[PDB]
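Novice: Structure in structure tokens, see below.
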Amino acid sequence: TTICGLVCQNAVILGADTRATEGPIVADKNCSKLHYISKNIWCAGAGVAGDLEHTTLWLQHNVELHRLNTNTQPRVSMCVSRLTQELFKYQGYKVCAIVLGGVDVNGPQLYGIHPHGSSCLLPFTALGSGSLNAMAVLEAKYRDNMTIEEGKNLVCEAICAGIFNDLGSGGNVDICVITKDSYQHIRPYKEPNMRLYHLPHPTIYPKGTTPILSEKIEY
Amino acid sequence: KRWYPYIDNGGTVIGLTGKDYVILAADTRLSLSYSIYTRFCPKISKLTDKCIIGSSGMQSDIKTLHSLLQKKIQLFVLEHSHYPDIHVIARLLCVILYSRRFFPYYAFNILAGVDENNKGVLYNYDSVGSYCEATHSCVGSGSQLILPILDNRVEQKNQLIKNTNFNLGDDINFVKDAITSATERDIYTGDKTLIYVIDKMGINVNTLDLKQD
Amino acid sequence: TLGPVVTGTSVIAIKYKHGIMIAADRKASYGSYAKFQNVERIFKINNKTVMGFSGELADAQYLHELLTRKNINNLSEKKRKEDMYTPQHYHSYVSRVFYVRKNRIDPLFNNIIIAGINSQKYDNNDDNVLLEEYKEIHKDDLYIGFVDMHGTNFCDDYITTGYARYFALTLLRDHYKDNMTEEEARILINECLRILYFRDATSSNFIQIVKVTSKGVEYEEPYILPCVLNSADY
Amino acid sequence: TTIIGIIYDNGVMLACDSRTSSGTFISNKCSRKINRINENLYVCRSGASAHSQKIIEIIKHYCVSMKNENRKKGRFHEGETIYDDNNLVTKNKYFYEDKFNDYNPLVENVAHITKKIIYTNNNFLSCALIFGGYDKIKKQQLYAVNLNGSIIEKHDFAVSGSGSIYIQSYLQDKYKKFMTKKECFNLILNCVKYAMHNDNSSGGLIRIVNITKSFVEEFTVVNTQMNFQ
Amino acid sequence: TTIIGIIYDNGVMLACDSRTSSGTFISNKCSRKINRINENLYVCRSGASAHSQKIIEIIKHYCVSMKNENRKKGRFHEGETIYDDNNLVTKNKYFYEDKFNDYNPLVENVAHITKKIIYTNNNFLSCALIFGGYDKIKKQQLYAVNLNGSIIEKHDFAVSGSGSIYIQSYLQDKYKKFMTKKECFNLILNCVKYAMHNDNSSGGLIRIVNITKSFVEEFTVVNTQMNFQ
Amino acid sequence: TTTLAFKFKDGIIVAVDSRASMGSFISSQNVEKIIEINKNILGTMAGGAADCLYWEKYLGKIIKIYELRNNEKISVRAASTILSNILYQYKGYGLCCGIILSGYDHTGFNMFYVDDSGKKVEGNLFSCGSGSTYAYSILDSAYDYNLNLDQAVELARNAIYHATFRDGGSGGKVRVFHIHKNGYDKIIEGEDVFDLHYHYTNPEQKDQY
Amino acid sequence: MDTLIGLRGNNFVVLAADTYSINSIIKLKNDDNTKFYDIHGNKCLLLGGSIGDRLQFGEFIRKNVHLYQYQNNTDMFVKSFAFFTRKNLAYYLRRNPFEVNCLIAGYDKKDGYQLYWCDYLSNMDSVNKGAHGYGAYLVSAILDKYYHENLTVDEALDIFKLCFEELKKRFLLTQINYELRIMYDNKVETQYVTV
Amino acid sequence: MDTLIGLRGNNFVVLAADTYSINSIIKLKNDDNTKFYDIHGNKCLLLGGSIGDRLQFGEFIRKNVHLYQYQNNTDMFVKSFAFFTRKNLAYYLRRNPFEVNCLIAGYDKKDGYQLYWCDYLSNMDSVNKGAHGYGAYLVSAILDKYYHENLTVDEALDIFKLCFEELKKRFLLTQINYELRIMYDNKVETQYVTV
Amino acid sequence: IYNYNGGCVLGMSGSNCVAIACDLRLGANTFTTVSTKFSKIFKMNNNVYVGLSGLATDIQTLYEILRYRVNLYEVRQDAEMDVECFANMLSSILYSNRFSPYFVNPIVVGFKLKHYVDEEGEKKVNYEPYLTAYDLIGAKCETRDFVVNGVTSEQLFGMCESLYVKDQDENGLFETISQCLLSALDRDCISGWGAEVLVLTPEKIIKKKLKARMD
Ligand SMILES: *[B]([O])([O])[C]([C]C1=[C][C]=C(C2=[C][C]=[C][C]=[C]2)[C]=[C]1)[N]C(=O)[C]1[C][C][C]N1[C]
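Chains as they are written, first to last, in our numbering: chain A, 103 to 321; chain B, 739 to 951; chain C, 249 to 482; chain D, 5 to 233; chain E, 5 to 233; chain F, 285 to 493; chain G, 60 to 254; chain H, 60 to 254; chain I, 430 to 644.
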């Protein structure tokens, strides 16, 4: 749970780790914590994965329904007002810190939501357990109007700082670029290799015990 | 407001014994709740030429429990003029651990060594003065994960008991296999691990590198 | 002794090629109220060792008395330059006292850092407890110890305690190179302290940077200047 | 946080720090606390950040609803033409100014917007607000909405937030009945800077907003304090 | 309560309100909080009244014990003769002055008396003290003993008690490095009066004590505050 | 945890499982719960692991001194009385251990269930542990006191199986001993995959129950 | 607190329960209690737990099942009867406790003789042998050791006698009076045993 | 949990108690328990409450009383024995629970046959009839209705039979086995009754 | 998820087949078993197998709802329901009880049923494994290989990580998942009174009940 995002010269860049944990142990090394709200806005979240995953689905489809009744591309501020009112109703129970960034008729804007319903427009941020580790490297290196390429690898360092220094975050890093025309969501981007690889040793066919075998064929 | 005096610094210690040796492996990462203090804090401290101890509890207790135990062992050597056997040490650690039953050490210990010609032997404790000889034992964060793995390869539920022989070289590779599995499946397991092989002549401290996440 | 009402803040200690460089803000806050902004949190307990600080000020002031009189007792029973206690010796003494308090339930809330030069190859056998050129130290003669209030003790090449254990630690872990020079160490430490100014509420400017070199312990008071990132636009 | 409001001779001045701290950690620097409700009045919001922001959203909806409702039908003021710095001494003083839609027929009173809050947060909701703006009848005025919905009109000045207590007596001394714009700006700038020097809820840049009869000007100041003693 | 200490050019000035409140009720007005420890230093006591009074009794016993212990045997300064208002403008300013037993051979340092407290209240005891007095080596000095026994030498000024926060920035502004006796008295008088105007732990009369090289003068002032705004 | 004892026709048959589990995880499955307290007297662990392994082996220390100063073997009644007293000094300290001391002394075959609260009791068919109720249930319906050795150990093995069958925290290898008139022997240091032996002899199905 | 025992064979299902009334916990109240709720369609429902909740729940099940069999001329299947009972028990679970333990039993033309075991938490599952209450810890082992495939009705009652003289001998409150409900050969036979 | 009954006449004192071992509360452990602590000087001490505390307290009283009667060739009086037991029970009361209920009984040359009743809180007082445990609520009424002045020993046992078949019939845990201790004619007779 | 009614559910993916396994225990209290037939693997559809682990009340109650809605979807559709549509339904069903949760940890296993031409003379095509795992509030932790839930989730993760290989046929996959389950249940004292491995292929379905240790 290390998510981050920053505003660039004409686009927003969102980066996130890939790891879901039961708290002592890790469930999977590859969880897409980035989410598609619309073609021009994307969101990333932290907190409980239950409330986090539904809310984005609820947000994405409300936005899409809004983008159909209305005939213009969705506003970034529209989702912030939609989420925060939803989060405000459930006083603090729907705990999900969310960063959503995108572009609209205004500039590339990025918002950091909070589980209690508060929001704030930022040039760069980071949430999750590795937020503090990721926010440090962000501040030390952030500038205004960074180029897309230069700002893209800054998030790589921003996430990798949380990947390595935080226990609760790890795995591959994934990035999304939310430029006006379209997005670019790169699913693998990092996490180097060359450890002691486990030798595959499959147990032979005559194993197990199987008191019963109720074979049947369906069609 | 109450100052709970117990924290877990994580890390796992793996023990596995063979016919004429014993392999003690542990990580070196020392961490707080979710941040990381240091990337190299050894959890294994040698006691005699042929007996080492590994602990995977709270690092403040581990440092003083090993230090207390070597202090006792060296005191034993001076008064009795012979290095204690592992059975002597294992029993002594039971008394020391139980001496604070009502404020127990927050450390789980694995004691490994050789007593016979070889007779690779290994003991495991649970934070309070109790020890049983085991063919394989692991404690710490990865205890829940590694112990099933060690069981499937050392003992058997398998229909045919293959790999009845177990040379030293393969067992080292097996522990490297195991300790890597815990690393990529556990939050607190380390990034650099020390593997000890208490053979007939002595101990090796060959080091293996693990993931850093 | 029960609840840290008058707390310090993070201190940062790194070892460079001429010795140890340890820095700390000079503010102690009464909770959410910067009651004192000129207290010092880096003490000299030996001609070659220094002592860190974090958490409650009363406990770390009491700890300073113990280490101070431990030095003088050594100094009275000192015959040659090699009799002086190493920084490692005080670390193993601070570790023991923190642990003894932990068996009881009076842990004296602190995150003490003990740093210094662990060698006697640079002569200071003329002690003036009451008041040339630097040498190159092999980085193995330098000790930087840490002591958590649970008793957790370890040594490293860059011990950041308090709250810099989240911001300054990430910078050091990807920027600290061996045998850093004098000013390069400061610009690295200054970059770590600047971040804590924006991102820590209970921190400030007016740093006290202390360096432990072959000549002893120095002092100076910068006023590190945070101003970046252009949030002024409205 | 800290929040000030000073009523000078021909307007009202609102200032605040810009920092949302969450338990000795700043979630973000440069957080807006002088929120625009209508062209002529602004709101200083404090307390729990989640509660204050969601109150402001409700009030803007009420403000819009009552602004266009009290719009008289026809054309008014046919022939009438009733109309009328600090020059970066404080370094990095950003600035812009906008003008009203004057005569105040459409825009509603500040007292109207004020008791929206009581009617809204007479509840188990923790937020203290300061209301300031220009009004057709009562020229310039400053309402302090307390924690449980207790408004009182402050005719001199109003302070709130954690840092208010540190400048409670500083401001009571430097205040004068009819201060000019320059004196009021310096007073409100130094009040915040002193409330920031000795409070761990000290903002980053400080945002000062001035409401006058015909315009609102907004400043953001980036400065610290260095006493010589 | 409130407690101030200001170090001016040739001495140190201690002031306090006089009220021991017990839960929005004043158990008694005119309670002494500037307590004499020795002829040359005084103590300002705050926090829980029971704890502070019983600490002072212990310290006076230590102070007496160490004063006559560090008495050198014979006769000293055989031939040496080293020696050297506010006129009721503040109404009902009671007053008297006493002189020391000079050269300071007998009386002990303020720093000595100061860490008696740490050595004594490094415990579960809630009291914050301010120590001020004259000393042979360090001329005039002002120690602030915090809640858990945290002394730091304050070279400019020290404040404590509930009302300190209300004048934290008032005093940081009006302070000058070397104030004369008259300026220091007015500053310390107005600091207390402002800390009293806006705090329900405001005393009755306020007691101001001045420690100089050769004498201590004590004032009690009976006055209130009336701002004009 | 399971424990048995019989005082049957010509001895005592003590039987235990070999499972040591913390929380819901099986820490070990080859623990020895029978302890050589004496040549003739042997105890049993239950409840907390160290709170009885330490004290029983501490009790063995007390007996060894007593058996040497008096040069007569101690009695089970005296050994149990010693143990119950020392466990009584730790009432509120959180000890937890149920010990069944069975052995042979001059006054015949004796058994004494000893619990962490100084609960000394003389009986014939004690059983302790989480699965003790199921172990009691089998024995009460098959106990005779006229059983010979061959079918006494079979009954003990049968009871331990059914206890480990119904109980989550009881399992692993089955240990069944026998106490002679002079010493004791280890009859079964055995196994526990014999569910498919007693009932459901042929592996054909899932053994519905 | 009260013991319910059930045993299922290929041609029989026997339900056992003590006839005690634990109410006024300091004492017994009735020596011949009524916990069985016989249903018309060759079904029975044995309840344990609190006496107050047994009447409210068991009687409610009996009416609904009878109403089902009157609206629909069929006889409600045991599988339907078992899983409909679990549904209602779980339905009220998050609204009202009903600390009642069920032991569903019956005979069905298509599925034969079936036994169902239900906890106060609705944990319905078909079993060959059940045991509720604190006496379950002492009668489950007999139900395993002495039970084998295709028992006859007489042997099953011999097993139940073996369980009863166990609760008398070892169980804390020595229940002495028990009531059985033997279902076999299209009959619902009732007999009371003692000791 | 365990029932102690005592009855005092002009020439007898009979102490009754169940022989049950409630330990491992889910079940009984022994069917013939030992709660009586007979003292040498024609005295008895019947304890209830926790089995662990009965051995620690009752045995301790027995040694001290025996030590008193060996240091001093006399036999310790029942009044001394009763009030010395209360003293030790109260002495430990504020330092260790000892949830044990006493029923002191004995014969004395000067005071005849005496019965003493003691609660876990040391509330010693001489009575003509006592009853401890939860069974006291069900046996005290028989001890009043059917007891009159100067009973003989045979009638007293008939009264005790009347109490026993009451705990079987109405008490929650139907205790069946009881042990008596009849003191009369300079004898301490022991007999076991059942049902 | 509770120690009460301790049970675990495991799923694994082979080269062209998937295997779903569980333990058959039904423990009344923590350490008290009452049944060993309590199969936790249900057949939602011909190639959609769901595995419910946790409290048996919520295991059954949720299964009724799932079976009530899959049938309603399929019947109203005249079309076989696919996993990723069903899988998301299970995610929303659990979330609808966000504050009165169904204490279960479901596993969804079954083929994905792509529908390209497969030839100039074919209609439907090869299948995809599609393993996924949830929790009590329905977090879609989709995974390309083995997924686990239950009280032995942590015991199963370790063994599966060290034994699972990339692709295996029906015979190879069954052995690995059986070893990954038997030796993981033997380390749990509240689950594992008999396993039931159910490996299924596009053509056939194999049900095997292992001779697991019952202790
Ligand atoms: B039983 O499950 O209750 C169990 C009893 C037990 C097991 C093992 C040993 C032992 C230890 C060391 C060497 C030899 C033998 C003694 C007693 N105890 C427990 O399950 C409890 C639960 C959690 C803590 N204990 C293990």
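Built from N, CA and C at the ideal position, the CB exists for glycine as well.
Spatial neighbours of H/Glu248 within its chain, please: C-beta separation below 6 angstroms, excluding the five flanking residues on both sides.
Specialist: Position 189 of the eighth sequence holds residue 248 of chain H. Same-chain partners within the cutoff: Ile241.
Novice: In terms of residue numbering, what span does the beta strand (DSSP E) encompassing H/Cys103 cover?
Specialist: Against the eighth sequence, residue 103 of chain H aligns to sequence position 44. Here the beta strand (DSSP E) through H/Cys103 covers 102-106.
Novice: When you measure from the CB of A/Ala122 to every non-hydrogen atom of ligand 1, does any distance come out below 6 angstroms?
Specialist: Your numbering for residue 122 of chain A matches position 20 in the first sequence. Checking every heavy atom of ligand 1 against the Cβ of A/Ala122, none is found closer than 6 angstroms.
Novice: Regarding A/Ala113 and ligand 1, is the C-beta to nearest heavy atom distance less than 6 angstroms?
Specialist: Residue mapping note: residue 113 of chain A aligns to position 11 of the first sequence, counting from 1. Checking the Cβ of A/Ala113 against ligand 1 gives no.
Novice: What is the DSSP secondary structure of C/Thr400, counted as helix, strand or coil?
Specialist: Within the third sequence, residue 400 of chain C is the residue found at index 152, counting from 1. Here C/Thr400 sits in coil by DSSP.
Novice: Looking at C-alpha atoms only, which residue of D/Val213, D/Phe232, D/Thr228, D/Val225 is the closest neighbour of D/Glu101?
Specialist: Position 97 of the fourth sequence, counted from the first residue, corresponds to residue 101 of chain D. Looking at the Cα atoms, D/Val213 is the closest of the given residues.
Novice: Please name the residues in the stretch 213-227 of chain D whose beta-carbon is closer than 7 angstroms to at least one beta-carbon of chain C, in chain order.
Specialist: Against chain C - using a Cβ distance shorter than 7 angstroms - the residues of the stretch 213-227 of chain D are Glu222, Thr224, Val226.
Novice: Quick one: does A/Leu240 have its CB under 7 angstroms from some CB of chain D?
Specialist: Position 138 of the first sequence holds residue 240 of chain A. Not an interface residue.
Novice: Enumerate, from N- to C-terminal direction, the unbroken alpha helix (DSSP H) stretches of 4 or more residues contained entirely within the stretch 161-247 of chain G.
Specialist: Segments of the alpha helix (DSSP H) lying fully in the stretch 161-247 of chain G: 195-204, 212-228.
Novice: Going along the stretch 172-202 of chain G in order, which residues come within less than 8 angstroms of chain F, judged by CB to CB distance?
Specialist: Residues passing the 8 angstroms Cβ filter: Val186, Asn187, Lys188, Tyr196, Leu197, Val198, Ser199, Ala200, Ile201.
Novice: Between the stretch 456-490 of chain F and chain I, which residues of the former have CB atoms less than 8 angstroms from a CB of the latter, in chain order?
Specialist: For the stretch 456-490 of chain F, which is checked against every Cβ of chain I, the residues closer than 8 angstroms are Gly456, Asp476, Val477, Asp479, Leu480, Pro487, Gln489, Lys490.
Novice: Do you know how far the Cα of B/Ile834 is from the Cα of G/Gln115?
Specialist: Along the seventh sequence, read from residue 1 onward, the residue named residue 115 of chain G stands at position 56. Along the second sequence, read from residue 1 onward, the residue named residue 834 of chain B stands at position 96. Computed Cα separation, rounded: 59 angstroms.
Novice: Less than 7 angstroms between CB atoms is the rule here; does D/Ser173 satisfy it with respect to chain E?
Specialist: The residue given as residue 173 of chain D occupies position 169 in the fourth sequence. It does: the Cβ of D/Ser173 has a partner Cβ on chain E nearer than 7 angstroms.
Novice: Are there 16 or more other CB atoms within 10 angstroms of the CB of I/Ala508, so buried, or fewer, so exposed?
Specialist: In the ninth sequence, counting from the first residue as 1, residue 508 of chain I sits at position 79. Exposed: under 16 other Cβ atoms inside 10 Å.
Novice: In chain I, which residues lie less than 7 angstroms from F/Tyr493 when you measure between Cβ atoms?
Specialist: Translated into positions along the sixth sequence, residue 493 of chain F becomes position 209. Residues of chain I passing the Cβ test: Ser464, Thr465.
Novice: At a Cβ threshold of 7 angstroms, is A/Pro308 touching chain F?
Specialist: On the first sequence, residue 308 of chain A is found 206 positions in, with the first residue counted as 1. No, A/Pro308 does not count as interfacial toward chain F.
Novice: DSSP state of E/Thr118, grouped into three classes?
Specialist: Reading the fifth sequence from its first residue, position 114 is the one you call residue 118 of chain E. Reduced to three states, the DSSP call for E/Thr118 is helix.
Novice: Using a C-beta cutoff of 7 angstroms, does A/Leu234 count as contacting chain C?
Specialist: Taking the first residue of the first sequence as position 1, residue 234 of chain A is located at position 132. Chain C, which has a Cβ nearer than 7 angstroms to the Cβ of A/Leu234, makes this yes.
Novice: With a Cβ-Cβ cutoff of 7 angstroms, do B/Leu948 and B/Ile933 count as a contact?
Specialist: Within the second sequence, the letter at position 210 stands for residue 948 of chain B. Within the second sequence, the letter at position 195 stands for residue 933 of chain B. Contact: no.
Novice: In this structure, how does DSSP classify H/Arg67 when only helix, strand and coil are distinguished?
Specialist: Here residue 67 of chain H refers to the residue found at position 8 of the eighth sequence. Reduced to three states, the DSSP call for H/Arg67 is strand.
Novice: Using a beta-carbon distance below 7 angstroms, is B/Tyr844 in contact with chain F?
Specialist: Within the second sequence, residue 844 of chain B is the residue found at index 106, counting from 1. False, the Cβ-Cβ gap to chain F never drops below 7 angstroms.
Novice: Whose C-alpha, out of B/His804, B/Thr776, B/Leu770, is nearest the C-alpha of B/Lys784?
Specialist: Taking the first residue of the second sequence as 1, we reach residue 784 of chain B at position 46. Considering only alpha carbons, the answer is B/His804.
Novice: According to the neighbour-count rule (16 or more other Cβ atoms, all chains shown, within 10 Å of its Cβ), is B/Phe841 buried or exposed?
Specialist: Along the second sequence, one-based indexing puts residue 841 of chain B at 103. Exposed is the call here.
Novice: For the stretch 440-450 of chain F against the stretch 410-417 of chain F, do three or more pairs of beta-carbon atoms, one drawn from each stretch, fall closer than 8 angstroms, so that the two count as touching?
Specialist: Yes, they touch.
Novice: Under the rule that 16 or more other beta-carbon atoms within 10 Å means buried, what is F/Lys293, buried or exposed?
Specialist: By 1-based counting over the sixth sequence, the position of residue 293 of chain F is 9. Exposed, since its Cβ has fewer than 16 Cβ neighbours within 10 Å.
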